[PDB]
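J.: Starting off with a structure, shown below.
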Amino acid sequence: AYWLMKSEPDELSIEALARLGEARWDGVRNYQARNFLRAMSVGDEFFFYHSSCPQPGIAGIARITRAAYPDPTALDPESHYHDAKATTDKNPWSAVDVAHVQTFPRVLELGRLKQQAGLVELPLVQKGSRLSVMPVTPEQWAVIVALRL
């Protein structure tokens with residue numbers, strides 16, 4: 001029921017999601033991350049993580065408004081997430097739709113997060129991880145919301 005998904009601020013920030021209302025989460029091309037997307041249910045919540053930016057960290061909370069469905073950007077030649085070997089009847093990629101829940105006043109910085117022994121099992125803080133979508137245990141969710149104070 002809980003997850004964490006990374007997104008580059010300039011491509012999509014928690015603030016921008018609040019302004020858009022509901023948005024499509026497309027472009028995931030990592031098999032494992034894809035598999036986690038397919039495990040999500042409507043109503044599930046996830047930490048919105050700002051990555052590849054000057055202040056990386058958890059910026060807020062959002063929710064899943066539409067379970068996994070074929071990522072249309074894979075078939076759209078105009079999209080930067082296009083896949084040449086994908087077709088309508090054979091699309092290996094999935095997307096989900098999300099909506100804003102809350103924007104934290106201050107980003108929960110990555111450094112602060114790595115200092116949480118309670119997050120030792122979260123791929124986010126593990127060396128070499130390239131996973132942009134991951135599950136979050138209730139216990140891990142609690143330690144993170146506790147950081148928000």
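Every chain in the structure tokens has a letter given in the order shown (A, B, ...), and although residue numbers restart at 1 in each chain, ligands are simply numbered from 1 in the order shown.
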Can you write out as a tab-separated table which residues of segment 1-62 of chain A fall within 12 Å of segment 85-92 of chain A, alongside each residue's closest atom pair and its distance in Å to one decimal, counting only C-alpha atoms and ordering rows by chain and ascending residue number?

T.:
```
residue	atom	partner	partner_atom	distance
A:27	CA	A:92	CA	11.7
A:28	CA	A:92	CA	10.5
A:29	CA	A:92	CA	9.0
A:30	CA	A:92	CA	10.5
A:31	CA	A:92	CA	8.9
A:34	CA	A:92	CA	9.0
A:35	CA	A:92	CA	10.5
A:38	CA	A:92	CA	11.5
```

J.: Residues at most 6 Å from residue 100 of chain A, counting only C-alpha atoms, excluding those fewer than 4 positions away in the same chain, as a tab-separated table (two decimals) with C-alpha atoms, in the first residue's frame?

T.:
```
chain	number	residue	atom	x	y	z
A	17	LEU	CA	1.55	17.97	-9.23
A	18	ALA	CA	-0.48	20.07	-6.79
A	62	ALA	CA	0.88	11.68	-3.38
```

J.: Write out as an MDAnalysis selection string each polymer residue whose atoms come within 7 Å of residue 109 of chain A, counting only C-alpha atoms; drop sequence neighbours fewer than 4 positions from it.

T.: chainID A and resid 55:58 113

J.: Please produce a file of the residues just selected, as a JSON list (two decimals), in the first residue's frame, where the atoms kept are N, CA, C and O atoms.

T.:
```json
[["chain", "number", "residue", "atom", "x", "y", "z"],
["A", 55, "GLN", "N", 18.63, 19.76, -4.21],
["A", 55, "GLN", "CA", 18.18, 19.36, -2.87],
["A", 55, "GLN", "C", 17.40, 18.05, -2.95],
["A", 55, "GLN", "O", 16.18, 18.04, -2.80],
["A", 56, "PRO", "N", 18.10, 16.94, -3.19],
["A", 56, "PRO", "CA", 17.44, 15.63, -3.27],
["A", 56, "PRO", "C", 16.83, 15.21, -1.94],
["A", 56, "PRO", "O", 17.42, 15.43, -0.87],
["A", 57, "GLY", "N", 15.65, 14.60, -2.00],
["A", 57, "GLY", "CA", 14.98, 14.16, -0.79],
["A", 57, "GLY", "C", 13.49, 13.99, -1.00],
["A", 57, "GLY", "O", 12.98, 14.23, -2.09],
["A", 58, "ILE", "N", 12.79, 13.58, 0.05],
["A", 58, "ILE", "CA", 11.34, 13.40, -0.03],
["A", 58, "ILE", "C", 10.67, 14.76, 0.14],
["A", 58, "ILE", "O", 10.80, 15.40, 1.18],
["A", 113, "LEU", "N", 17.90, 11.21, 5.54],
["A", 113, "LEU", "CA", 17.34, 9.88, 5.34],
["A", 113, "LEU", "C", 18.37, 8.77, 5.48],
["A", 113, "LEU", "O", 18.05, 7.69, 6.00]]
```

J.: Within 10 Å of residue 97 of chain A, counting only C-alpha atoms, which residues qualify if same-chain residues fewer than 6 places away don't, as a list in words?

T.: residues 22, 23, 24, 25, 26, 42, 63, 64, 65, 66, 67, 68 and 69 of chain A

J.: Give me every strand (DSSP E or B) residue in chain A, going by DSSP on the backbone, as a ChimeraX atom specification.

T.: /A:2-7,22-25,45-50,57-70,94-109,133-135

J.: For residue 32 of chain A, find every residue with an atom within 10 Å (counting only C-alpha atoms), except residues of its own chain fewer than 4 positions away, and show them as a short mmCIF file (atom, residue, chain, number, x, y, z; two decimals) with N, CA, C and O atoms, in the first residue's frame.

T.:
```
data_model
loop_
_atom_site.label_atom_id
_atom_site.label_comp_id
_atom_site.auth_asym_id
_atom_site.auth_seq_id
_atom_site.Cartn_x
_atom_site.Cartn_y
_atom_site.Cartn_z
N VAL A 28 8.89 5.03 -17.08
CA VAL A 28 9.64 4.05 -16.31
C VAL A 28 10.07 2.94 -17.25
O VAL A 28 9.23 2.29 -17.88
N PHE A 36 6.94 -3.05 -9.77
CA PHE A 36 6.36 -2.48 -8.57
C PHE A 36 5.15 -1.63 -8.94
O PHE A 36 4.16 -1.60 -8.21
N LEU A 37 5.22 -0.93 -10.08
CA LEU A 37 4.08 -0.12 -10.53
C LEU A 37 2.87 -1.02 -10.70
O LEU A 37 1.76 -0.65 -10.34
N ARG A 38 3.09 -2.20 -11.26
CA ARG A 38 2.01 -3.15 -11.49
C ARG A 38 1.44 -3.76 -10.22
O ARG A 38 0.42 -4.45 -10.25
N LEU A 131 17.04 2.09 -8.67
CA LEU A 131 15.60 1.86 -8.63
C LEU A 131 14.85 3.17 -8.36
O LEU A 131 15.10 3.83 -7.36
N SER A 132 13.92 3.54 -9.25
CA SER A 132 13.16 4.77 -9.10
C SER A 132 11.76 4.55 -8.54
O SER A 132 11.01 5.50 -8.30
N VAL A 133 11.39 3.29 -8.35
CA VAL A 133 10.08 2.93 -7.81
C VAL A 133 10.33 1.82 -6.82
O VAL A 133 11.02 0.85 -7.14
N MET A 134 9.77 1.93 -5.62
CA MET A 134 10.01 0.92 -4.61
C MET A 134 8.93 0.86 -3.55
O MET A 134 8.23 1.84 -3.30
#
```

J.: Skip residue 51 of chain A itself and residues of its chain fewer than 4 positions away, then list as an NGL selection string all residues within 6 Å of it, counting only C-alpha atoms.

T.: :A and (6-8 or 56)

J.: Give me a file of those residues, with C-alpha atoms, as an mmCIF file, in the first residue's frame.

T.:
```cif
data_model
loop_
_atom_site.group_PDB
_atom_site.id
_atom_site.type_symbol
_atom_site.label_atom_id
_atom_site.label_comp_id
_atom_site.auth_asym_id
_atom_site.auth_seq_id
_atom_site.Cartn_x
_atom_site.Cartn_y
_atom_site.Cartn_z
ATOM 1 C CA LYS A 6 11.614 9.345 -7.753
ATOM 2 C CA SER A 7 11.004 12.275 -10.083
ATOM 3 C CA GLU A 8 13.321 15.067 -11.237
ATOM 4 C CA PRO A 56 17.437 15.633 -3.273
#
```

J.: Got a sec: who's within 10 Å of residue 1 of chain A, counting only C-alpha atoms, leaving out chain neighbours fewer than 4 positions off, as a list in words?

T.: residues 39, 40, 41, 42, 43, 44, 45, 46, 63, 64, 135, 136, 137 and 138 of chain A

J.: Any chance you could list, as a PyMOL selection string, the residues in segment 17-74 of chain A that come up alpha helix (DSSP H) when DSSP is run on the backbone?

T.: chain A and resi 17-20+31-37

J.: From the set A:79, A:119, A:33, A:21, which residue has the shortest atom-to-atom contact distance to residue 93 of chain A, counting only C-alpha atoms?

T.: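 Among A:79, A:119, A:33, A:21, it is A:33 that comes nearest to residue 93 of chain A.
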
J.: Could you check which of A:72, A:116, A:50, A:83 is closest to residue 142 of chain A, using only C-alpha atoms?

T.: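 Of A:72, A:116, A:50, A:83, the one nearest residue 142 of chain A, counting only C-alpha atoms, is A:116.
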
J.: Considering only C-alpha atoms, can you say which of A:13, A:94, A:60, A:103 comes closest to residue 74 of chain A?

T.: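 Counting only C-alpha atoms, the residue closest to residue 74 of chain A is A:94.
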